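For reference, the structure discussed in these notes is given below.
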Amino acid sequence: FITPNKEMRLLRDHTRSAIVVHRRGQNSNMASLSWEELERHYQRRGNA
Amino acid sequence: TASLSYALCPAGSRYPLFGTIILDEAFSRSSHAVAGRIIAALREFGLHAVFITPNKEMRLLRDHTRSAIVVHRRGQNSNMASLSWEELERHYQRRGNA
Amino acid sequence: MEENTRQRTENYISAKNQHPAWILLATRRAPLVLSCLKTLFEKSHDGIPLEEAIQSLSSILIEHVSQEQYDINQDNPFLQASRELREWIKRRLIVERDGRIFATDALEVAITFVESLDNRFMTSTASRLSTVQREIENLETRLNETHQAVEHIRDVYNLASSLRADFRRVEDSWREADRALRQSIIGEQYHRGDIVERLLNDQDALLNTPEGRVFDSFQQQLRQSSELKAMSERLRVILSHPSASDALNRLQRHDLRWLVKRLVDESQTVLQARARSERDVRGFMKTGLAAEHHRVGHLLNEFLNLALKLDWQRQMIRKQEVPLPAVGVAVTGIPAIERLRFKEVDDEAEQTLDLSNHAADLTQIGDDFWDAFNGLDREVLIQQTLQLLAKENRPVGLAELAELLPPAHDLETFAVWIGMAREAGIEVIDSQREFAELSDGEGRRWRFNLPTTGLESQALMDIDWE
Amino acid sequence: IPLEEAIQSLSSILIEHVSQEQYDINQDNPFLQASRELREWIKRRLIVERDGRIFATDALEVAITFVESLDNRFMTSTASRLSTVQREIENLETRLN
Amino acid sequence: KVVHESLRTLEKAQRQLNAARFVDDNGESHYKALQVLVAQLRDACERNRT
């Protein structure tokens, strides 16, 4: 499933992993993360 | 938006005499910040927006509107109901950052 | 099954064309012609002279000319009778031989119908009239298996398969005829008549061999579709038998089921294979030799005819050189020393490899992402509504419920509650306003204005939820 | 057979063929057209109506007896192999029923 | 089954083309039908968008 930022809630209900794709100038990088890892990194951002 | 604004200004009118504008489906195609830019531009031209959304974009409607009209259908009929809010400006957090 | 109807109605609509007798009974002049044919054939099975039937039918026609129905014209009875009988003959209602018409099955049944038309219909309701009529009737006459299945089905497949070769064989004949016609055209000796007549001779030539007879027999069997539903239909029946699976491999069975389509589409090849000759003759009518063109073409034809004598197979015999003049000579490729250069570079370097395992940095993107990741759920709240209202066991208003479960992401909660109210039948009213307060992430307090209502655990727990 | 049931059957049949221009069927009112069509025939004593049910008669019997005997084998194949193949398919078909 | 003007016109023309087959003549009416029918086929290849 491709999708823009919106309604990630729906996708959290029907998936087991996600791939983030970062944009920065003219270098773009990706990472494959399970939902749990994403949630923990968000928690750390909340700590950030 | 600018062309629509100009078209509704009567002869030499510095403002448009009619202020209602309808945008069905809100911002289905766009991302977050694009809607904010659009609404800021709409405010600059002094219009009265009426959006339709199928219950999407809640986090955003909350910060550029003052009321709502909920709907729902059951079997073969429908209904409507108002709702409204306002800011109690007396303080954001007294004895705190504001 | 009603499917049989959708075949039955098609059968009937078809039969209401093509098949003559049903066409014969339907055209106004049917009574006259039926009478004439019956009275004629009644006294002879071994043919009747055409002209005699013409005369009888014309005599009958004139007598009824006064009618406006039948469109008979006094000026030419003979032509009208002749044309009518000829048209009927051409529909295979009755074949003609030895100058004599002959009766067939179609006319037989067409007659068998009419004579059974008991005009006693429109019942006289046993009124005395009928009794008198019937007594007069009476007085009047008073004064006067598995092992076989595979082999049989395979034989049928062999037969059907064979057709798809004879069409290629017909193509062979038409290609050969085109080749011979072009060969003869290169000859100088034919009139226009020769060319335009040999094509018709060819057309009649390929109505003789079994292959050609097969083809021309088939062609008509699209116009009078008759059978070309029967074949596919019955094949569908056979392939419906279980044991057929063992008889034929799957691809065969698929192919056979669509036999008619593949034949129709194969026949397209032959029509073109004849086309070429159908186009060649027009190549000779127009460009009648004339002017310098006449004589140049004559020389070309002479040369071509003479060339036939040779044995053209040998390449070395082919490589013999002609006396043709060297014109349009290409002069180029001067072998000057300046034309020569050497490779003029000596550099070298790798496309330096870099397989460093890059990965994204999760800390680099902003809250447009993370707020979305924090989308307010509308599933847990649904459970909590029932959880609280079951405890309260009473109608509770929106203000109370929100004040008991003050949500940070607010508006969606009120919307959800209001919608659930509609779905569960608990009415909500715009008129009677009522108020409540909440605060947001920056402490700012909001004063909502809501509609008056109270939500009961009974209706909500009764109604279902997606 | 109940009158209305036959009306519905005939109307269903009519609409399927409305695309044809031969029959002058109109999409806007199948029920009225089918009803009138059956009624007209009923009036001609082709079939009498009783107990709200149509009933078959001799005239329809013979009219049917004609059609079923229309052997479409006309325009003879002139013994071309096509007919032999068709007839062998005939015989094998019935052999499995 | 689609319903449209030109298809209905083709239905009528084909019915005619069946008709001219049997009328006894040296061949004219058959030719007339087999000309009018192709008239539409060539035309439909000129405006293949509509």
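For the structure tokens, the naming scheme is as follows: chains receive sequential letters (A, B, ...) according to their order of presentation, residues are indexed from 1 within each chain, and ligands are indexed from 1 in presentation order.
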
* To do: Please give the complete set of residues from chain A that DSSP, run on the backbone, assigns to strand (DSSP E), formatted as a PyMOL selection string.
  => chain A and resi 17-24+27-34

* To do: Write out as a list in words each polymer residue whose atoms come within 9 Å of range 68-77 of chain B, counting only C-alpha atoms; drop sequence neighbours fewer than 3 positions from it.
  => residues 65, 80, 81, 82, 83 and 84 of chain B; 415, 418, 419, 422 and 423 of chain C

Selected residues, C-alpha atoms, written as a PDB file, in the first residue's frame, please.
ATOM      1  CA  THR B  65     -13.781  27.143  11.771  1.00  0.00           C
ATOM      2  CA  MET B  80     -29.064  17.385  10.738  1.00  0.00           C
ATOM      3  CA  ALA B  81     -27.914  19.099  13.922  1.00  0.00           C
ATOM      4  CA  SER B  82     -25.849  22.162  14.747  1.00  0.00           C
ATOM      5  CA  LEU B  83     -22.821  22.594  17.013  1.00  0.00           C
ATOM      6  CA  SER B  84     -20.612  25.562  17.849  1.00  0.00           C
TER       7      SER B  84
ATOM      8  CA  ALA C 415     -19.482  14.047  16.221  1.00  0.00           C
ATOM      9  CA  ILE C 418     -24.155  12.556  17.851  1.00  0.00           C
ATOM     10  CA  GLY C 419     -24.003  10.039  15.009  1.00  0.00           C
ATOM     11  CA  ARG C 422     -29.073   8.880  15.266  1.00  0.00           C
ATOM     12  CA  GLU C 423     -28.125   5.266  14.586  1.00  0.00           C
TER      13      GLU C 423
END

* Output the contact residues of chain D with respect to chain E at a cut-off of 12 Å, based on only C-alpha atoms, as an MDAnalysis selection string. => chainID D and resid 15:22 27

* Which neighbours of range 53-55 of chain B fall inside 8 Å, counting only C-alpha atoms, when residues of the same chain fewer than 4 positions from it are skipped, and could you give them as a list in words? -> residues 24, 25 and 26 of chain B

* Hey, what's within 10 Å of residue 62 in chain D if we count only C-alpha atoms and toss same-chain stuff fewer than 4 positions away? As a list in words, please? ->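 Result of the neighbour search: residues 113, 114, 116 and 117 of chain C; 57, 58, 66 and 67 of chain D.
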
* Contact set, chain C to chain E: 8 Å, only C-alpha atoms, as a list in words ->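 Interface list for chain C against chain E: residues 83, 86, 87, 90 and 91 of chain C.
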
Would you mind exporting the chosen residues as a PDB file, in the first residue's frame, restricted to N, CA, C and O atoms?
ATOM      1  N   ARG C  83     -43.057 -15.221 -62.891  1.00  0.00           N
ATOM      2  CA  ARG C  83     -42.139 -14.687 -61.894  1.00  0.00           C
ATOM      3  C   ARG C  83     -42.444 -15.250 -60.513  1.00  0.00           C
ATOM      4  O   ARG C  83     -41.531 -15.586 -59.754  1.00  0.00           O
ATOM      5  N   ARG C  86     -41.351 -18.817 -60.312  1.00  0.00           N
ATOM      6  CA  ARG C  86     -39.895 -18.880 -60.342  1.00  0.00           C
ATOM      7  C   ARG C  86     -39.307 -18.507 -58.988  1.00  0.00           C
ATOM      8  O   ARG C  86     -38.414 -19.195 -58.479  1.00  0.00           O
ATOM      9  N   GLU C  87     -39.794 -17.417 -58.393  1.00  0.00           N
ATOM     10  CA  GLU C  87     -39.332 -17.030 -57.067  1.00  0.00           C
ATOM     11  C   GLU C  87     -39.539 -18.164 -56.077  1.00  0.00           C
ATOM     12  O   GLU C  87     -38.629 -18.516 -55.318  1.00  0.00           O
ATOM     13  N   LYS C  90     -37.030 -20.909 -56.561  1.00  0.00           N
ATOM     14  CA  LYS C  90     -35.663 -20.591 -56.162  1.00  0.00           C
ATOM     15  C   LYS C  90     -35.460 -20.718 -54.655  1.00  0.00           C
ATOM     16  O   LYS C  90     -34.319 -20.851 -54.198  1.00  0.00           O
ATOM     17  N   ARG C  91     -36.536 -20.684 -53.869  1.00  0.00           N
ATOM     18  CA  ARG C  91     -36.397 -20.886 -52.424  1.00  0.00           C
ATOM     19  C   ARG C  91     -36.369 -22.344 -52.032  1.00  0.00           C
ATOM     20  O   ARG C  91     -36.530 -22.646 -50.846  1.00  0.00           O
TER      21      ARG C  91
END

* **Gap from CA of residue 59 in chain B to CA of residue 409 in chain C - Å, one decimal** =>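 Taking CA of residue 59 in chain B as the start and CA of residue 409 in chain C as the end point, the length is 7.5 Å.
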
* To do: Considering only C-alpha atoms, extract the chain C residues located within 6 Å of chain B and return them as a count of residues only.
  => 9

Pull the closest atom pair for each residue of chain C that gets at most 7 Å from chain D, along with the distance in Å to one decimal, counting only C-alpha atoms, ordering rows by chain and then ascending residue number, as a tab-separated table.
residue	atom	partner	partner_atom	distance
C:19	CA	D:72	CA	6.6
C:92	CA	D:75	CA	6.3
C:113	CA	D:66	CA	6.3
C:122	CA	D:45	CA	6.4
C:159	CA	D:85	CA	7.0
C:213	CA	D:80	CA	6.7
C:214	CA	D:80	CA	5.8
C:217	CA	D:77	CA	6.4
C:226	CA	D:72	CA	6.1
C:231	CA	D:86	CA	6.8
C:234	CA	D:93	CA	6.5
C:238	CA	D:93	CA	6.0

* Compile the contact shell of residue 376 in chain C as a list in words: residues with an atom at most 10 Å away, counting only C-alpha atoms, same-chain residues fewer than 5 positions apart removed. => residues 7 and 9 of chain A; 58 and 59 of chain B; 371, 381, 407, 408, 409, 410, 412 and 413 of chain C

* To do: May I have all residues of chain A that DSSP, computed from the backbone, assigns to helix (DSSP H, G or I), given as number ranges by chain?
  => A: 8-12, 35-47

Return as a tab-separated table the residues of chain A lying at most 8 Å from chain B, together with the closest atom-to-atom pair for each and the distance in Å to one decimal, counting only C-alpha atoms, with rows in chain order and ascending residue number.
residue	atom	partner	partner_atom	distance
A:4	CA	B:31	CA	7.5
A:5	CA	B:31	CA	7.5
A:6	CA	B:31	CA	7.7

Export of the given selection (C-alpha atoms) as a PDB file, in the first residue's frame:
ATOM      1  CA  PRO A   4       0.512   9.990   1.765  1.00  0.00           C
ATOM      2  CA  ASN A   5       0.798  11.003   5.410  1.00  0.00           C
ATOM      3  CA  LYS A   6      -2.924  11.113   6.091  1.00  0.00           C
TER       4      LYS A   6
END

* Atomic distance CA of residue 101 in chain C - CA of residue 18 in chain C, expressed in Å with one decimal -> 20.8 Å

* Kindly provide, as a list in words, the residues of chain C having any atom no farther than 9 Å from an atom of chain A, counting only C-alpha atoms. =>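 So the residues of chain C near chain A are residues 358, 359, 360, 361, 362, 363, 364, 365, 368, 369, 370, 372, 373, 374, 375, 376 and 377 of chain C.
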